[PDB]
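For reference, the chains in residue letters:
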Amino acid sequence: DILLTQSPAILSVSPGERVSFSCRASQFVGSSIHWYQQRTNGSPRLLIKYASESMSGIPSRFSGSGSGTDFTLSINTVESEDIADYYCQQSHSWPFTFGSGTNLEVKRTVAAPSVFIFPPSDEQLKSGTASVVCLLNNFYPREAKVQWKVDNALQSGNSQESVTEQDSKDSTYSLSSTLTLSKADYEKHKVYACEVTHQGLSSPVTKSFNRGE
Amino acid sequence: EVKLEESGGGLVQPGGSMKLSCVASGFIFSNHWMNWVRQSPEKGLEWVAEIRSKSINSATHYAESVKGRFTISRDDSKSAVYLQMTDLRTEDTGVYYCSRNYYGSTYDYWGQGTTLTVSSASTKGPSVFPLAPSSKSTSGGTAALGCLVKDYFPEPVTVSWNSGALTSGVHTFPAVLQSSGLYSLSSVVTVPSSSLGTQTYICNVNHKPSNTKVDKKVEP
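Residues numbered from 1 in each chain as written, not as in the entry; some residues may be left out. Chains lettered and ligands numbered in written order. Heavy atoms only, no water. Residues with missing side-chain atoms left out of burial classes, pairs and counts.

### Quick word on the overall build of chain A
- The helix and strand inventory of chain A stands at 2 helices and 19 strands.
- The C-alpha atoms of chain A give a radius of gyration of 23 Å, which is well past the 17 Å a tight globule of 213 residues would have.
- C-alpha extents for chain A along the principal axes are approximately 70 × 35 × 30 Å.
- In chain A, 59% of the contacts between residues at least 6 apart in sequence involve partners at least 24 apart. (Helix = DSSP H or I, 4+ residues; strand = E, 2+ residues; numbered from the N terminus. Rg over C-alpha atoms; globule rule 2.2 N^0.38 Å. Contact = heavy atoms within 4.5 Å.)

Okay, structure coming up:
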């Protein structure tokens, strides 16, 4: 079977720059290389067939070239909506095979998160569990640090984080940190605080609430 | 407009069976070659099976990894293609796309995918709690609110806002596997703080494998 190698797997470029994705075949595939785009939670979409024919409805900044074993997908001036995984596929020989994908990150200016904290709902509290949620919204770059303090005592082992994929509208990320306690432990303390550090914040940002106010 | 719409995904025990369906419109179904292509974090995009036209004996082809376990079939009178899976394995877990391949070249149209989970754990529907805005979720003229979708299995759940009328500013986080073995996620949205208490905000949670369809009004 023919292996398609897409390397690098990760590309990061500034907006308005030209980017090229590499696809190399372990065997001759002629010009029978097709390119797809897959946005987050979306379906693959055919961009270029047979190495270099863009499909109708595909913006002109997309192009492709190559023949034999070495193929390129280029975007001539990248915008944020181009953030996606990019896949090559060969139909020279059966079975048809896909590359492993290259992810496109589009850089942007530093953006500090907006920070929000959510007490556990009364509805959840009646079940014996308290989830406290801290949201870091629309920030860049991706690296951020979130610490929970409960009556100024730093929490450990009782929280989980989730991060979105980069946003194709504004090139940001968002993060949630969920602190889970029993209703018993929750009711034993007063001050619940989320403390956030990020390249875009000149000092750590704390959001907090007093249980029952 | 070409549309492919899959259905039938869900949870099945290792060694179990499950049949996926896909219904196509917008092209002459009986003239074309229908495919199933699956996707997983580990194996990427993987062609699974193809059934070609009735004119050439409706010939079926399978990836080596599913040969003998999967059967692809079609019903031209319904514009439907089916994938009968048997002797399922943990590594068959993934998203299964219905796709048209143009006579052995491009996969030129794709469905939205349906999700298969091969696991011995049980289906469990989610609990939905509001993430209520106050001043501690008011950053200037922007407020945040959301829904917490807790303790469910398997993936996926969909969350929409105001029945899909509210899409700007929505962030539905990837699920996290909890130590309990159950998933949990939150969906949030940022709105003008002036619209709190004057505009209604409802999250529409759907978790198909448990027939959960819950609408939660999120209030201050």
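Next comes the rest of the description.
### What about the environment of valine 205 of chain A?
Residue and element names in this part refer to chain A.
- Tracing the chain through its elements places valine 205 in strand β19 (residues 205-210).
- Between the alpha carbons of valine 205 and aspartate 82 there is a distance of 32 Å; along the sequence they are 123 residues apart.
- In this structure, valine 205 is in contact with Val115, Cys194, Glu195 and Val196, ignoring residues within four places of it in sequence.

### Topic: the interface of chain A and chain B
- Listed as interface residues are 41 residues of chain A and, on the opposing side, 41 residues of chain B.
- Here the side of chain A that touches chain B gets 6 residues from one element, more than from any other, and that element is strand β13 (residues 129-139) of chain A.
- Of the residues contributing to the side of chain A that touches chain B, the split by class is 17 nonpolar, 19 polar and 5 charged. (Nonpolar A, V, L, I, M, F, W, Y, C, P; charged D, E, K, R; others polar.)

### Digging into the domain arrangement of chain A
All names here are of chain A.
- As far as domains go, chain A holds domain 1 (1-108) and domain 2 (109-213).
- A C-alpha centroid distance of 37 Å is found between domain 1 and domain 2.
- The partner domain 2 presents 13 residues to the 9 residues of domain 1 that form the contact.
- For the side of domain 1 that touches domain 2, the class distribution of residues is 3 nonpolar, 2 polar and 4 charged. (Domains from an automatic or database assignment.)

### As for the sheet that holds strand β19 (residues 202-207) of chain B
Residues and elements named next belong to chain B.
- Here we have 3 strands laid out as an open sheet, ordered β15-β19-β20, and antiparallel in their pairing. Two strands in the sheet have a free side with no partner beyond their single neighbour: β15 (158-161) and β20 (212-217). When the angles between neighbouring strand axes are averaged without regard to direction, this sheet yields 15°.
- Pairing analysis gives 4 bridges linking β15 to β19, with the strands arranged antiparallel. Across the sheet, the residue bridging to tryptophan 161 is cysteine 203, located in β19. (Pairing = 2+ DSSP bridges. Axes fitted to C-alpha atoms, helices over the stretch in contact; angles between N-to-C directions.)

### Some thoughts on the domain arrangement of chain B
Residues and elements named next belong to chain B.
- With domains assigned, chain B is organised as domain 1 (1-120) and domain 2 (121-220).
- Just the C-alpha atoms count here: the centres of domain 1 and domain 2 sit 31 Å apart.
- Taken residue by residue, the interface counts 5 residues in domain 1 and 7 residues in domain 2.
- Note on domain 1 versus domain 2: buried area summed over both sides is about 470 Å², and carbon and sulfur give 61% of it.
- Taken together, domain 1 and domain 2 are joined by 0 salt bridges.
- At the junction of domain 1 and domain 2, the tally comes to 1 residue pair in polar contact. (Buried area = accessible area lost by both parts, 1.4 Å probe. Salt bridge = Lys/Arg side-chain N within 4 Å of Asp/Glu carboxyl O. Polar contact = N/O pair within 3.5 Å; in protein donor to acceptor, adjacent residues only side chain to side chain.)

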